[PDB]
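S.K.: Just one file: target-v4.cif, with mmCIF, N, CA, C and O atoms.
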```
data_upload
#
loop_
_atom_site.label_atom_id
_atom_site.label_comp_id
_atom_site.auth_asym_id
_atom_site.auth_seq_id
_atom_site.Cartn_x
_atom_site.Cartn_y
_atom_site.Cartn_z
N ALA A 1 -2.65 8.39 28.42
CA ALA A 1 -1.26 8.53 28.76
C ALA A 1 -0.48 7.33 28.22
O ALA A 1 -1.05 6.27 27.95
N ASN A 2 0.83 7.54 28.02
CA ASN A 2 1.82 6.54 27.57
C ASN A 2 1.55 5.76 26.27
O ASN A 2 2.25 4.80 25.94
N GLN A 3 0.60 6.21 25.45
CA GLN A 3 0.33 5.56 24.19
C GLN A 3 1.23 6.27 23.18
O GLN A 3 1.33 7.51 23.21
N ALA A 4 1.90 5.47 22.33
CA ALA A 4 2.79 5.96 21.29
C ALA A 4 2.10 6.14 19.93
O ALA A 4 1.16 5.41 19.54
N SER A 5 2.60 7.12 19.18
CA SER A 5 2.08 7.47 17.88
C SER A 5 3.17 7.37 16.83
O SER A 5 4.37 7.34 17.14
N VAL A 6 2.76 7.32 15.56
CA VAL A 6 3.71 7.38 14.46
C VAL A 6 4.08 8.84 14.32
O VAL A 6 3.20 9.70 14.27
N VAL A 7 5.40 9.06 14.29
CA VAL A 7 6.02 10.36 14.11
C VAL A 7 6.92 10.31 12.86
O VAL A 7 7.58 9.29 12.61
N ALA A 8 6.94 11.38 12.06
CA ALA A 8 7.75 11.48 10.86
C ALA A 8 9.23 11.53 11.24
O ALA A 8 9.70 12.40 11.96
N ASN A 9 9.99 10.56 10.77
CA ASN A 9 11.39 10.43 11.08
C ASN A 9 12.24 11.22 10.12
O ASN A 9 13.42 11.50 10.34
N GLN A 10 11.65 11.60 8.99
CA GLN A 10 12.27 12.42 7.94
C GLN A 10 11.13 13.29 7.45
O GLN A 10 9.99 13.03 7.86
N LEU A 11 11.35 14.33 6.62
CA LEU A 11 10.24 15.03 5.97
C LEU A 11 9.66 14.00 5.00
O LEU A 11 10.42 13.34 4.29
N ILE A 12 8.34 13.81 5.01
CA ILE A 12 7.67 12.88 4.14
C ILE A 12 7.03 13.77 3.07
O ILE A 12 6.11 14.56 3.38
N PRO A 13 7.58 13.73 1.83
CA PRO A 13 7.10 14.51 0.69
C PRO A 13 5.71 14.10 0.24
O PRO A 13 5.27 13.01 0.55
N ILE A 14 4.98 14.91 -0.52
CA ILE A 14 3.65 14.58 -0.96
C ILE A 14 3.79 13.53 -2.04
O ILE A 14 4.84 13.38 -2.67
N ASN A 15 2.71 12.77 -2.18
CA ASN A 15 2.56 11.72 -3.19
C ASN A 15 3.76 10.78 -3.30
O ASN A 15 4.22 10.34 -4.36
N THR A 16 4.21 10.38 -2.12
CA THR A 16 5.33 9.50 -1.98
C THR A 16 4.87 8.46 -1.01
O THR A 16 4.25 8.80 -0.01
N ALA A 17 5.11 7.22 -1.40
CA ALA A 17 4.82 6.03 -0.65
C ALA A 17 5.68 5.98 0.60
O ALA A 17 6.89 6.19 0.55
N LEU A 18 5.01 5.71 1.72
CA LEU A 18 5.60 5.63 3.04
C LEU A 18 6.52 4.44 3.16
O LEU A 18 6.17 3.36 2.65
N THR A 19 7.71 4.61 3.72
CA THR A 19 8.63 3.52 3.96
C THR A 19 8.95 3.51 5.46
O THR A 19 8.75 4.51 6.16
N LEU A 20 9.53 2.40 5.95
CA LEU A 20 9.86 2.26 7.38
C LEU A 20 10.92 3.19 7.92
O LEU A 20 10.92 3.47 9.11
N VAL A 21 11.83 3.74 7.14
CA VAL A 21 12.79 4.72 7.65
C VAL A 21 12.09 6.08 7.86
O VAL A 21 12.56 6.95 8.57
N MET A 22 10.93 6.31 7.26
CA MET A 22 10.19 7.55 7.42
C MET A 22 9.42 7.56 8.71
O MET A 22 9.00 8.65 9.11
N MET A 23 9.24 6.44 9.40
CA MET A 23 8.36 6.45 10.54
C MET A 23 9.01 5.98 11.83
O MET A 23 9.64 4.92 11.83
N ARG A 24 8.86 6.72 12.92
CA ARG A 24 9.34 6.20 14.19
C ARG A 24 8.19 6.18 15.19
O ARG A 24 7.10 6.64 14.87
N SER A 25 8.33 5.66 16.40
CA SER A 25 7.25 5.59 17.35
C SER A 25 7.63 6.52 18.46
O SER A 25 8.78 6.46 18.90
N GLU A 26 6.74 7.38 18.95
CA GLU A 26 7.11 8.25 20.02
C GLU A 26 5.89 8.59 20.86
O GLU A 26 4.77 8.67 20.35
N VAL A 27 6.04 8.75 22.17
CA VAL A 27 4.91 9.18 22.96
C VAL A 27 4.83 10.70 22.87
O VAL A 27 5.63 11.47 23.42
N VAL A 28 3.84 11.16 22.12
CA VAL A 28 3.61 12.58 21.93
C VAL A 28 2.16 12.89 22.26
O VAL A 28 1.32 11.98 22.51
N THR A 29 1.87 14.19 22.36
CA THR A 29 0.52 14.66 22.59
C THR A 29 0.24 15.81 21.64
O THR A 29 1.09 16.70 21.47
N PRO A 30 -0.91 15.87 20.96
CA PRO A 30 -1.92 14.81 20.92
C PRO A 30 -1.50 13.49 20.28
O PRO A 30 -0.43 13.43 19.65
N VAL A 31 -2.34 12.47 20.49
CA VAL A 31 -2.10 11.14 19.98
C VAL A 31 -2.47 11.16 18.50
O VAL A 31 -3.49 11.78 18.13
N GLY A 32 -1.65 10.49 17.69
CA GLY A 32 -1.87 10.37 16.27
C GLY A 32 -2.19 8.93 15.94
O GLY A 32 -2.82 8.22 16.73
N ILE A 33 -1.80 8.43 14.78
CA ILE A 33 -2.02 7.03 14.44
C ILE A 33 -1.21 6.21 15.44
O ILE A 33 -0.05 6.54 15.68
N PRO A 34 -1.75 5.21 16.12
CA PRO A 34 -1.03 4.37 17.09
C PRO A 34 0.21 3.79 16.45
O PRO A 34 0.15 3.29 15.32
N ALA A 35 1.32 3.76 17.18
CA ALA A 35 2.55 3.18 16.67
C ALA A 35 2.40 1.78 16.10
O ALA A 35 3.12 1.38 15.18
N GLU A 36 1.46 0.99 16.63
CA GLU A 36 1.14 -0.36 16.14
C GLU A 36 0.86 -0.42 14.64
O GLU A 36 1.13 -1.40 13.96
N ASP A 37 0.28 0.66 14.12
CA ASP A 37 -0.06 0.75 12.73
C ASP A 37 1.09 1.08 11.85
O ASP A 37 0.88 1.09 10.64
N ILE A 38 2.34 1.24 12.31
CA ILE A 38 3.45 1.48 11.39
C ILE A 38 3.61 0.40 10.30
O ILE A 38 3.94 0.79 9.19
N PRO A 39 3.39 -0.91 10.43
CA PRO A 39 3.39 -1.80 9.28
C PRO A 39 2.26 -1.60 8.27
O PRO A 39 2.44 -1.75 7.07
N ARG A 40 1.07 -1.22 8.73
CA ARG A 40 -0.10 -1.01 7.89
C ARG A 40 0.11 0.22 6.98
O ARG A 40 -0.20 0.24 5.79
N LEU A 41 0.77 1.24 7.54
CA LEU A 41 1.05 2.44 6.82
C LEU A 41 2.05 2.28 5.73
O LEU A 41 2.06 3.10 4.83
N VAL A 42 2.89 1.25 5.71
CA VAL A 42 3.91 1.09 4.67
C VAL A 42 3.20 1.06 3.34
O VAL A 42 2.17 0.39 3.24
N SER A 43 3.72 1.86 2.41
CA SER A 43 3.26 2.06 1.04
C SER A 43 2.04 2.93 0.90
O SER A 43 1.61 3.19 -0.23
N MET A 44 1.48 3.45 2.00
CA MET A 44 0.39 4.40 1.82
C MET A 44 0.98 5.75 1.50
O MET A 44 2.21 5.94 1.51
N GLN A 45 0.14 6.71 1.19
CA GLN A 45 0.59 8.04 0.82
C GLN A 45 0.09 9.14 1.72
O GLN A 45 -1.02 8.99 2.22
N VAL A 46 0.84 10.21 1.96
CA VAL A 46 0.31 11.38 2.65
C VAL A 46 -0.35 12.34 1.66
O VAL A 46 0.02 12.42 0.47
N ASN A 47 -1.39 13.06 2.07
CA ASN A 47 -2.01 13.99 1.13
C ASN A 47 -1.35 15.34 1.20
O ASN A 47 -1.69 16.19 0.38
N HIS A 48 -0.43 15.62 2.13
CA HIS A 48 0.31 16.88 2.24
C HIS A 48 1.66 16.49 2.83
O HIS A 48 1.70 15.53 3.61
N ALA A 49 2.73 17.20 2.47
CA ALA A 49 4.07 16.99 3.00
C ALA A 49 4.03 17.09 4.52
O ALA A 49 3.37 17.97 5.09
N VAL A 50 4.66 16.13 5.19
CA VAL A 50 4.70 16.08 6.64
C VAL A 50 6.12 16.49 6.98
O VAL A 50 7.05 15.81 6.54
N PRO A 51 6.40 17.61 7.64
CA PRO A 51 7.70 17.93 8.24
C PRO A 51 8.22 16.91 9.24
O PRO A 51 7.45 16.17 9.86
N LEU A 52 9.54 16.93 9.48
CA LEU A 52 10.28 16.05 10.40
C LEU A 52 9.71 16.29 11.77
O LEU A 52 9.48 17.44 12.15
N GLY A 53 9.46 15.22 12.51
CA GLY A 53 8.93 15.36 13.85
C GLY A 53 7.43 15.59 13.92
O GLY A 53 6.91 15.76 15.03
N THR A 54 6.66 15.67 12.85
CA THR A 54 5.21 15.83 12.94
C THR A 54 4.60 14.49 13.32
O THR A 54 5.07 13.43 12.88
N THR A 55 3.53 14.49 14.12
CA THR A 55 2.81 13.27 14.43
C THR A 55 1.88 13.06 13.26
O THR A 55 1.25 14.02 12.80
N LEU A 56 1.83 11.83 12.76
CA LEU A 56 0.92 11.51 11.69
C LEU A 56 -0.46 11.32 12.29
O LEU A 56 -0.68 10.50 13.20
N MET A 57 -1.39 12.13 11.80
CA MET A 57 -2.78 12.03 12.22
C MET A 57 -3.53 11.26 11.12
O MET A 57 -3.05 11.23 9.97
N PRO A 58 -4.68 10.60 11.38
CA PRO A 58 -5.46 9.83 10.41
C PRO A 58 -5.71 10.51 9.07
O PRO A 58 -5.41 9.98 7.99
N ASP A 59 -6.21 11.75 9.15
CA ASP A 59 -6.48 12.58 7.98
C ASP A 59 -5.33 12.87 7.06
O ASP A 59 -5.57 13.27 5.92
N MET A 60 -4.09 12.65 7.49
CA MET A 60 -2.92 12.96 6.67
C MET A 60 -2.61 11.85 5.70
O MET A 60 -1.90 12.10 4.73
N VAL A 61 -3.12 10.64 5.94
CA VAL A 61 -2.81 9.48 5.13
C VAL A 61 -4.00 9.11 4.25
O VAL A 61 -5.15 8.90 4.66
N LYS A 62 -3.69 9.11 2.96
CA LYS A 62 -4.62 8.81 1.92
C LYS A 62 -5.03 7.36 2.05
O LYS A 62 -4.18 6.48 2.05
N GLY A 63 -6.33 7.16 2.21
CA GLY A 63 -6.89 5.83 2.30
C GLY A 63 -6.75 5.21 3.69
O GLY A 63 -6.80 3.99 3.84
N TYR A 64 -6.58 5.99 4.75
CA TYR A 64 -6.35 5.39 6.04
C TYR A 64 -7.67 5.28 6.75
O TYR A 64 -8.45 6.22 6.76
N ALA A 65 -7.91 4.13 7.34
CA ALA A 65 -9.09 3.93 8.17
C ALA A 65 -8.61 2.93 9.21
O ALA A 65 -7.76 2.08 8.90
N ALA A 66 -9.06 3.09 10.44
CA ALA A 66 -8.66 2.23 11.54
C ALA A 66 -9.86 1.47 12.14
O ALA A 66 -9.62 0.57 12.96
#
```
Can you present the structure in this file as structure tokens?

M.R.:
Amino acid sequence: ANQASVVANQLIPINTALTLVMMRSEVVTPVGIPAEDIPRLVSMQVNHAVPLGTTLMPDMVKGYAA
């Protein structure tokens, strides 16, 4: 409970480097990448377009390991 995840603040297109305006922190369920990791995610890539409001899960980010 009460753990925050990275949520897509805009549609994040494929093969596009993640920027800070693309990511917000929100308490959603299920839990995705912890909000704490929003600096680590900067400049990484998604392997599929993420719609607005989707929680970013580990598998969506190319090269992500926690």

S.K.: How far is it from CA of residue 44 in chain A to CA of residue 2 in chain A, in Å with one decimal?

M.R.: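 We find that CA of residue 44 in chain A and CA of residue 2 in chain A lie 25.9 Å from each other.
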
S.K.: Assuming the chain letters and numbering stay as they are in my file, what does the PyMOL selection byres ((chain A and resi 9) around 8) actually select? List them as a PyMOL selection string.

M.R.: chain A and resi 6-8+10-12+19-25+50-54

S.K.: Could you tell me how far CA of residue 30 in chain A lies from CA of residue 17 in chain A, in Å and to one decimal?

M.R.: 24.2 Å

S.K.: What does the distance between atom N of residue 39 in chain A and atom N of residue 65 in chain A come to in Å, to one decimal place?

M.R.: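 Between atom N of residue 39 in chain A and atom N of residue 65 in chain A the gap works out to 12.8 Å.
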
S.K.: Tell me which of A:49, A:66, A:1, A:33 sits closest to residue 13 in chain A, counting only N, CA, C and O atoms.

M.R.: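 Closest candidate: A:49.
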
S.K.: Which residues would end up in the selection if the PyMOL selection byres ((chain A and resi 32) around 5) were applied here, given that I need the answer as a ChimeraX atom specification?

M.R.: /A:5,30-31,33-34,56-57

S.K.: Run DSSP on the backbone and grab whatever in chain A lands in alpha helix (DSSP H); send it over as a VMD selection string.

M.R.: chain A and resid 38 to 41

S.K.: Could you please give me, as a PDB file with N, CA, C and O atoms, in the frame of the given file, the residues of protein, DNA or RNA lying at most 8 Å from (3.9, 5.4, -3.3) in the coordinate frame of the file, considering all atoms listed in the file?

M.R.:
```
ATOM      1  N   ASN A  15       2.710  12.770  -2.180  1.00  0.00           N
ATOM      2  CA  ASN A  15       2.560  11.720  -3.190  1.00  0.00           C
ATOM      3  C   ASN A  15       3.760  10.780  -3.300  1.00  0.00           C
ATOM      4  O   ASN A  15       4.220  10.340  -4.360  1.00  0.00           O
ATOM      5  N   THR A  16       4.210  10.380  -2.120  1.00  0.00           N
ATOM      6  CA  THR A  16       5.330   9.500  -1.980  1.00  0.00           C
ATOM      7  C   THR A  16       4.870   8.460  -1.010  1.00  0.00           C
ATOM      8  O   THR A  16       4.250   8.800  -0.010  1.00  0.00           O
ATOM      9  N   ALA A  17       5.110   7.220  -1.400  1.00  0.00           N
ATOM     10  CA  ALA A  17       4.820   6.030  -0.650  1.00  0.00           C
ATOM     11  C   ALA A  17       5.680   5.980   0.600  1.00  0.00           C
ATOM     12  O   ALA A  17       6.890   6.190   0.550  1.00  0.00           O
ATOM     13  N   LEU A  18       5.010   5.710   1.720  1.00  0.00           N
ATOM     14  CA  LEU A  18       5.600   5.630   3.040  1.00  0.00           C
ATOM     15  C   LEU A  18       6.520   4.440   3.160  1.00  0.00           C
ATOM     16  O   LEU A  18       6.170   3.360   2.650  1.00  0.00           O
ATOM     17  N   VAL A  42       2.890   1.250   5.710  1.00  0.00           N
ATOM     18  CA  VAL A  42       3.910   1.090   4.670  1.00  0.00           C
ATOM     19  C   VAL A  42       3.200   1.060   3.340  1.00  0.00           C
ATOM     20  O   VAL A  42       2.170   0.390   3.240  1.00  0.00           O
ATOM     21  N   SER A  43       3.720   1.860   2.410  1.00  0.00           N
ATOM     22  CA  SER A  43       3.260   2.060   1.040  1.00  0.00           C
ATOM     23  C   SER A  43       2.040   2.930   0.900  1.00  0.00           C
ATOM     24  O   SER A  43       1.610   3.190  -0.230  1.00  0.00           O
ATOM     25  N   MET A  44       1.480   3.450   2.000  1.00  0.00           N
ATOM     26  CA  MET A  44       0.390   4.400   1.820  1.00  0.00           C
ATOM     27  C   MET A  44       0.980   5.750   1.500  1.00  0.00           C
ATOM     28  O   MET A  44       2.210   5.940   1.510  1.00  0.00           O
ATOM     29  N   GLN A  45       0.140   6.710   1.190  1.00  0.00           N
ATOM     30  CA  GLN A  45       0.590   8.040   0.820  1.00  0.00           C
ATOM     31  C   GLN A  45       0.090   9.140   1.720  1.00  0.00           C
ATOM     32  O   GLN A  45      -1.020   8.990   2.220  1.00  0.00           O
ATOM     33  N   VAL A  46       0.840  10.210   1.960  1.00  0.00           N
ATOM     34  CA  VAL A  46       0.310  11.380   2.650  1.00  0.00           C
ATOM     35  C   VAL A  46      -0.350  12.340   1.660  1.00  0.00           C
ATOM     36  O   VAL A  46       0.020  12.420   0.470  1.00  0.00           O
TER      37      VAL A  46
END
```

S.K.: Restricting the calculation to only N, CA, C and O atoms: of A:41, A:14, A:47, A:3, which residue gets closest to residue 26 in chain A?

M.R.: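 The closest residue to residue 26 in chain A is A:3.
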
S.K.: Would you return as a PDB file with N, CA, C and O atoms, keeping the file's coordinate frame the members of chain A that DSSP assigns to strand (DSSP E) on this structure's backbone?

M.R.:
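File written: states14.pdb
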```
ATOM      1  N   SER A   5       2.600   7.120  19.180  1.00  0.00           N
ATOM      2  CA  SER A   5       2.080   7.470  17.880  1.00  0.00           C
ATOM      3  C   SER A   5       3.170   7.370  16.830  1.00  0.00           C
ATOM      4  O   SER A   5       4.370   7.340  17.140  1.00  0.00           O
ATOM      5  N   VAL A   6       2.760   7.320  15.560  1.00  0.00           N
ATOM      6  CA  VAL A   6       3.710   7.380  14.460  1.00  0.00           C
ATOM      7  C   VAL A   6       4.080   8.840  14.320  1.00  0.00           C
ATOM      8  O   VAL A   6       3.200   9.700  14.270  1.00  0.00           O
ATOM      9  N   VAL A   7       5.400   9.060  14.290  1.00  0.00           N
ATOM     10  CA  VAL A   7       6.020  10.360  14.110  1.00  0.00           C
ATOM     11  C   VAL A   7       6.920  10.310  12.860  1.00  0.00           C
ATOM     12  O   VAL A   7       7.580   9.290  12.610  1.00  0.00           O
ATOM     13  N   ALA A   8       6.940  11.380  12.060  1.00  0.00           N
ATOM     14  CA  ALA A   8       7.750  11.480  10.860  1.00  0.00           C
ATOM     15  C   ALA A   8       9.230  11.530  11.240  1.00  0.00           C
ATOM     16  O   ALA A   8       9.700  12.400  11.960  1.00  0.00           O
ATOM     17  N   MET A  23       9.240   6.440   9.400  1.00  0.00           N
ATOM     18  CA  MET A  23       8.360   6.450  10.540  1.00  0.00           C
ATOM     19  C   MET A  23       9.010   5.980  11.830  1.00  0.00           C
ATOM     20  O   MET A  23       9.640   4.920  11.830  1.00  0.00           O
ATOM     21  N   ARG A  24       8.860   6.720  12.920  1.00  0.00           N
ATOM     22  CA  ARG A  24       9.340   6.200  14.190  1.00  0.00           C
ATOM     23  C   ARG A  24       8.190   6.180  15.190  1.00  0.00           C
ATOM     24  O   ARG A  24       7.100   6.640  14.870  1.00  0.00           O
ATOM     25  N   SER A  25       8.330   5.660  16.400  1.00  0.00           N
ATOM     26  CA  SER A  25       7.250   5.590  17.350  1.00  0.00           C
ATOM     27  C   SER A  25       7.630   6.520  18.460  1.00  0.00           C
ATOM     28  O   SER A  25       8.780   6.460  18.900  1.00  0.00           O
ATOM     29  N   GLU A  26       6.740   7.380  18.950  1.00  0.00           N
ATOM     30  CA  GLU A  26       7.110   8.250  20.020  1.00  0.00           C
ATOM     31  C   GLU A  26       5.890   8.590  20.860  1.00  0.00           C
ATOM     32  O   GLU A  26       4.770   8.670  20.350  1.00  0.00           O
ATOM     33  N   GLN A  45       0.140   6.710   1.190  1.00  0.00           N
ATOM     34  CA  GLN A  45       0.590   8.040   0.820  1.00  0.00           C
ATOM     35  C   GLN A  45       0.090   9.140   1.720  1.00  0.00           C
ATOM     36  O   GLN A  45      -1.020   8.990   2.220  1.00  0.00           O
ATOM     37  N   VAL A  46       0.840  10.210   1.960  1.00  0.00           N
ATOM     38  CA  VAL A  46       0.310  11.380   2.650  1.00  0.00           C
ATOM     39  C   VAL A  46      -0.350  12.340   1.660  1.00  0.00           C
ATOM     40  O   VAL A  46       0.020  12.420   0.470  1.00  0.00           O
ATOM     41  N   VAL A  61      -3.120  10.640   5.940  1.00  0.00           N
ATOM     42  CA  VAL A  61      -2.810   9.480   5.130  1.00  0.00           C
ATOM     43  C   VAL A  61      -4.000   9.110   4.250  1.00  0.00           C
ATOM     44  O   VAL A  61      -5.150   8.900   4.660  1.00  0.00           O
ATOM     45  N   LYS A  62      -3.690   9.110   2.960  1.00  0.00           N
ATOM     46  CA  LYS A  62      -4.620   8.810   1.920  1.00  0.00           C
ATOM     47  C   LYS A  62      -5.030   7.360   2.050  1.00  0.00           C
ATOM     48  O   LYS A  62      -4.180   6.480   2.050  1.00  0.00           O
TER      49      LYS A  62
END
```

S.K.: Report, as JSON, the axis-aligned box around all atoms of range 52-58 of chain A present in the file, extended by 5 Å on each side; give centre and edge lengths in Å to one decimal place.

M.R.:
```
{"center_x": 2.3, "center_y": 13.6, "center_z": 11.5, "size_x": 26.0, "size_y": 17.6, "size_z": 17.0}
```
